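A closer look at the structure
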Amino acid sequence: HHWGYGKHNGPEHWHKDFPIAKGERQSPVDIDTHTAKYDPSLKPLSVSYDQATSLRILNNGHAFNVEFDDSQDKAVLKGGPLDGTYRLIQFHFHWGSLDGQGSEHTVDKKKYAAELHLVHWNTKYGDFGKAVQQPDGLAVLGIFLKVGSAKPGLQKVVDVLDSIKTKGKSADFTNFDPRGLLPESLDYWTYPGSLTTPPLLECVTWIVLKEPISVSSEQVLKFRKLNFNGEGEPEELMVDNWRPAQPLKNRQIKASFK
Ligand SMILES: O=C(O)/C=C/c1cccc(OCc2cccc(CC(=O)O)c2)c1
Ligand SMILES: [Zn+2]
């Protein structure tokens with residue numbers, strides 16, 4: 001599997017190896033704010049990241065992942081649309097070549113400069129690989145990034161990116177506090193969907209925050225200096241690693257707020 005984001009291996013090609021690419025609950029989607037309905041039954045959202053244990057940062061050739069110790073209930077997501085307890089395993093971003101594109105979800109067709117995905121798995125399935133085979137196995141918290149003021153809590157991430165420029169490079173990344181990536185408000189939209197990269201599994205409860213975070217142009221520029229390629233290969237900048245919006249089909253996006 002040689003999937004990527006190029007003309008020859010990008011999202012329009014994925015369905016040949018991963019036919020669920022054309023499925024009934026694919027992500028991302030456009031969030032039409034006028035059509036999403038407030039749902040009073042949504043319980044409050046609980047982001048419990050006080051005991052988060054970050055380990056490592058990895059350039060996987062598609063994005064960079066900040067990996068956590070998920071061997072116990074340290075950093076968990078509960079409440080909102082979720083039943084039970086979801087453990088943080090990793091976060092990563094999707095971003096653009098330019099500030100006008102980069103996010104995977106859109107808001108009334110508006111593209112943000114980037115999108116953060118905090119990935120969590122349902123602890124009733126015991127491990128991540130079992131959780132991704134279940135329709136309620138993952139909860140992904142999605143956070144939009146706009147270019148404006150710098151986000152201080154992001155700077156430790158951007159400062160390490162020089163050490164993982166190319167595919168397969170990793171660096172120790174302990175003691176990173178993902179609380180510093182959150183906006184003030186936890187108002188969100190939620191809908192059932194999928195992973196946005198191969199294998200595109202339909203196992204995700206999406207929770208997308210309404211409030212974007214602001215990052216500086218300097219911060220996002222540093223994202224765009226990463227490489228898709230491995231060391232000693234021709235340089236292909238890691239930009240535009242986003243899948244476009246997919247058909248909503250028979251789904252409703254619910255809002256937690258009026
Ligand atoms: O069928 C199985 O048990 C193995 C499944 C499997 C096997 C390999 C990988 C994978 O997921 C990769 C992944 C993790 C988190 C997010 C995303 C999409 C995104 O970029 O937001 C993808 C799942
Ligand atoms: Zn993602």
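Residues numbered from 1 in each chain as written, not as in the entry; some residues may be left out. Chains lettered and ligands numbered in written order. Heavy atoms only, no water.

Header annotation of the entry names X-ray crystallography as the structure determination method and lists the resolution as 1.59 Å.

The protein has the name CARBONIC ANHYDRASE 2 in the PDB entry, where Homo sapiens is given as its organism. As recorded in the PDB, the entry bears the title "Native state mass spectrometry, surface plasmon resonance and X-ray crystallography correlate strongly as a fragment screening combination". Of the protein, the UniProt comment under Sequence similarities reads exactly: "Belongs to the alpha-carbonic anhydrase family." (UniProt positions renumbered as here; feature names shortened; annotations may be inferred.)

A count of helices and strands for the protein gives three helices and 15 strands. For a compact globule of 258 residues, the expected C-alpha radius of gyration is about 18 Å, and the protein comes in at 17 Å, within 12% of that figure. Reported as C-alpha extents along the three principal axes, the dimensions of the protein are approximately 55 × 40 × 40 Å. Within the protein, the proportion of its 258 residues that are buried is 52%. Contacts spanning at least 24 positions in sequence make up 71% of the contacts within the protein whose residues lie at least 6 apart. Summed over its atoms, the accessible surface of the protein is roughly 12000 Å², and 49% of this surface lies on carbon and sulfur atoms. (Helix = DSSP H or I, 4+ residues; strand = E, 2+ residues; numbered from the N terminus. Rg over C-alpha atoms; globule rule 2.2 N^0.38 Å. Buried < 20%, exposed > 50% of the residue type's maximum accessible area, 1.4 Å probe, protein only. Contact = heavy atoms within 4.5 Å. Areas by Shrake-Rupley, 256 points an atom, 1.4 Å probe, with all protein chains shown as cover.)

With that settled, the discussion passes to the site of ligand 1. Within the structure, ligand 1 sits among 13 residues, and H92, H117, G129, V132 and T196 are positioned closest to it. Measuring from an oxygen atom of ligand 1, one finds a side-chain N or O atom of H117 at 3.2 Å. Side-chain polar atom of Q133 to an oxygen atom of ligand 1: 3.4 Å apart, as the coordinates give it. Expressed as a share of its isolated accessible area of 550 Å², the protein-covered part of ligand 1 is 68%. Judged by the proximity of its atoms to the pocket grid, ligand 1 belongs to the largest pocket. Mapped onto the shell around ligand 1, the elements with two or more residues apiece are β7 (86–95) and α1 (128–131). In terms of residues, the shell around ligand 1 owes the most to one element, β7, which gives three residues. (Near = heavy atom within 4 Å. Polar contact = N/O pair within 3.5 Å; in protein donor to acceptor, adjacent residues only side chain to side chain. 1 Å grid on protein atoms, 1.4 Å probe; cavity = no way out; pocket = protein on both sides within 12 Å on 5 of 7 lines; lining within 4 Å. Sits in = over half its atoms within 2 Å of the grid points.)

For the zinc ion (ligand 2), the full set of protein donor atoms is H92 (NE2), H94 (NE2) and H117 (ND1), and the range of their distances to it is 2.0 to 2.1 Å. All donors of the zinc ion (ligand 2) belong to a single chain; written as a sequence motif, their spacing is H-x1-H-x22-H. Pair noted here: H92 is in strand β7 and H117 is in strand β9 (residues 114–122), with a separation of 25 residues, a long-range link. Here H92 and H117 have matching classes, each one buried. (Donors = N, O, S within 2.8 Å, 3.2 Å for Na, K, Ca; no water.)

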